[PDB]
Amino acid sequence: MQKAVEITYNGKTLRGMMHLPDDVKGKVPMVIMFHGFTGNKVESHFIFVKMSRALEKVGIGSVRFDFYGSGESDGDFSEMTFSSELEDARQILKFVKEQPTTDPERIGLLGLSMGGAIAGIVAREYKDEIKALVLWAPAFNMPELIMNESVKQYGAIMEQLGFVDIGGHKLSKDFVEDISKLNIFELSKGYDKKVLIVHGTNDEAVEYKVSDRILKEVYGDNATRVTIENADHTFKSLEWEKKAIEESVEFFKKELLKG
């Protein structure tokens, strides 16, 4: 079962998709997926859609929304900050918890790239009601990656205009000021339930070493990593995306279906 859904708060409408298992009756586990920077809820080569349908096959529902300023949701990219996507995510969690078909004890979070940073922080904020966490190429170093651009041509334009063009998207100086005050590693530490990190070794956006840092600095024994050998940032191949999906589904199967 796949059907479009809508969230509205503070005059903002978020547009998303919800999947529920056809066979199962009653309350089901739910995985919430957060997309990345300039991405949307379908994500690269439809990997989020494929992930939703793979979960549905094992009895696990899901929702995927576009953050405010991206995709089908309301707003322009220039209004978005990392913190405004955090507040979207809290509203998305609230939406899921309030669905009559949700098992509130079996809600999982999944995030890709900057969406992995969102997922890690929301997991920590709601550590007693998020059952499991999956991080795909999580951009915990997003603040550094943005600040590194301030000394390049982006920084000079930003100073003249208050925004920069990142390729058909208006990135506001508000985004830079907001993210420069955040430490994703610190804000994510303290989540004690099971974590799965999926990272490709040839990731040129979020270098593979970031997953080393997350295993070392953020989590304890509750986190394990699936390394996709030679894969790029979004697992852009049939074999790579299949490994990413299948490992994440089996992980969510283990953590959300029993206990």
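A residue's number is simply how far along the shown sequence it sits, counting from 1.
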Pick between 89 to 97 and 146 to 154: the one whose mean CA B-factor in the entry is higher.
146 to 154
Identify the stretch, either 74 to 82 or 181 to 189, whose C-alpha atoms have the larger mean B-factor according to the entry.
181 to 189
Based on what the PDB entry reports, which of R225, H45, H233, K41 has the top C-alpha B-factor?
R225
Among modelled residues of the same chain, the CA temperature factor third for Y219:
highest
When the modelled residues of the chain are sorted by Cα temperature factor, does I60 land in the lowest, middle or highest third?
middle
Looking at the entry's B-factor column for C-alpha atoms only, identify whether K209 ranks in the lowest, middle or highest third of its chain.
middle
Compare the C-alpha B factor of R15 with those of the other modelled residues in its chain, then answer lowest, middle or highest third.
lowest
Relative to the other modelled residues of the same chain, rank the CA B-factor of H35 and answer lowest, middle or highest third.
lowest
